[PDB]
Amino acid sequence: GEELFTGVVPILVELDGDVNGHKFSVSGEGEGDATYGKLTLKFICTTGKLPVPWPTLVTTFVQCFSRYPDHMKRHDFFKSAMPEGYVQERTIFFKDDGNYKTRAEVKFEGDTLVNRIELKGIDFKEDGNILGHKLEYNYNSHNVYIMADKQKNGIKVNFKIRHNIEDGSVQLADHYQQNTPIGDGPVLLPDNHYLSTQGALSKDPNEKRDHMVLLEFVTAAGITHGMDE
């Protein structure tokens, strides 16, 4: 799966979602060059307004496109599970508010890296930060902590997203994450490490729909020795 990422790879992103029985669908479209850990993507909400704020769906909407330095290349689980792909599951708990459970298949369909999401949210407050749309429209820098999970044959992941509340405070979102092969074959199981992100949310000023533009930079780090479980 390393060999598959040398250059620019086109991506489709399809989410279908329900949050407090607000059904909705999003479609996304862009490119990844994993040589630089670069992603650029556009998302549009094909069922009207998105009822969640956009920042809360950034983590949900392809970590095969992280940049792994040559010295960490054999700790790269994500790419190593391609083309057959990987299933990615997540429960995201928002502090003093509800949660998203999500399930995604990330796999190559054709020459296009595809991420296909199903997502349920519950116990969200209507006078909320989330359903009351109270979060700034921004991407901050984060670190993504990864460990191996030999049992399941994949990785366990956790990190906290720090969403800026319009008032000013922080709205935490705690991502309990699991990734596993759809890949019936062999994937690289990493020693513990992190990824480090940069990014930006913005708007296409011509796009009439509810949407989001994501440019993102993600680099792997934390390891300096001699590699493989």
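Reconstructed Cβ throughout: ideal geometry from the backbone, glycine too, with neighbour counts over all protein chains shown. We did not get these values from a lab; they are worked out from the coordinates using the rules stated.
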Task: Selected residue (criterion: farthest from the chain's Cα centre (by Cα)) from residues of the stretch 62-94 that are closer than 21 Å to residue 217 by Cα, charged (D, E, K, R) and assigned to a loop (DSSP other than H, G, I, E, B) - done: 70
- [ ] Would you tally the residues in the stretch 149-188 being touching a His at 6+ places or on another chain (Cβ under 9 Å) and crowded, with 16+ Cβ neighbours inside 10 Å?
- [x] 6
TODO: Tell me which of these residue 2 doesn't satisfy, since it passes every other one: (1) within 30 Å of residue 226 (Cα to Cα); (2) in contact with a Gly (Cβ under 9 Å, 6 or more places away or on another chain).
DONE: (2)
- [ ] State whether the residues of the stretch 19-33 include one that is more than 12 Å from residue 212 (Cα to Cα), out of contact with any helix residue (DSSP H, G or I) (no Cβ under 8 Å at 6 or more places or on another chain) and among the β-branched types (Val, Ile, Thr).
- [x] yes
Open item on the list: I'm told residue 137 meets every condition in (1) surrounded by 15 or more Cβ atoms within 10 Å (Cβ to Cβ); (2) more than 19 Å from residue 98 (Cβ to Cβ); (3) touching a helix residue (DSSP H, G or I) at 6+ places or on another chain (Cβ under 7 Å); (4) not polar (S, T, N, Q) except one. Can you identify the failing condition by its number?
Closed with: (1)
- [ ] Return the pairs, sorted by first residue and then second, in which the second residue is among the hydrophobic types (A, V, I, L, M, F, W, C) and surrounded by 16 or more Cβ atoms within 10 Å (Cβ to Cβ), the first residue lies in the stretch 143-154 and is at negative phi and part of a loop (DSSP other than H, G, I, E, B), the beta carbons are less than 7 Å apart, and the residues are 6+ apart or on different chains.
- [x] 150/189
Task: Unique match (being over 16 Å from residue 117 (Cβ atoms), touching a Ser or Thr at 6+ places or on another chain (Cβ under 7 Å) and assigned to a loop (DSSP other than H, G, I, E, B)) among 1, 48 - done: 1
TODO: For residues that are outside any strand (DSSP E or B) and of a type in the set (S, T, N, Q), scanning just the stretch 7-35, find the one that is farthest from residue 101 (Cα to Cα).
DONE: 35
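Only one residue in 208, 134, 160, 152 is closer than 25 Å to residue 82 by Cα, of a type outside the set (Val, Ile, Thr) and out of contact with any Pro (no Cβ under 7 Å at 6 or more places or on another chain), so which one is that? First the steps, then the outcome.
Values: 208 fails: closer than 25 Å to residue 82 by Cα; 134 fails: closer than 25 Å to residue 82 by Cα; 160 fails: closer than 25 Å to residue 82 by Cα.
From the options 208, 134, 160, 152, the qualifying one is 152.
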Open item on the list: All but one of (1) out of contact with any strand residue (DSSP E or B) (no Cβ under 9 Å at 6 or more places or on another chain); (2) farther than 21 Å from residue 195 by Cα; (3) buried (at least 16 other Cβ atoms within 10 Å of the Cβ) hold for residue 74; state the number of the condition that does not hold.
Closed with: (2)
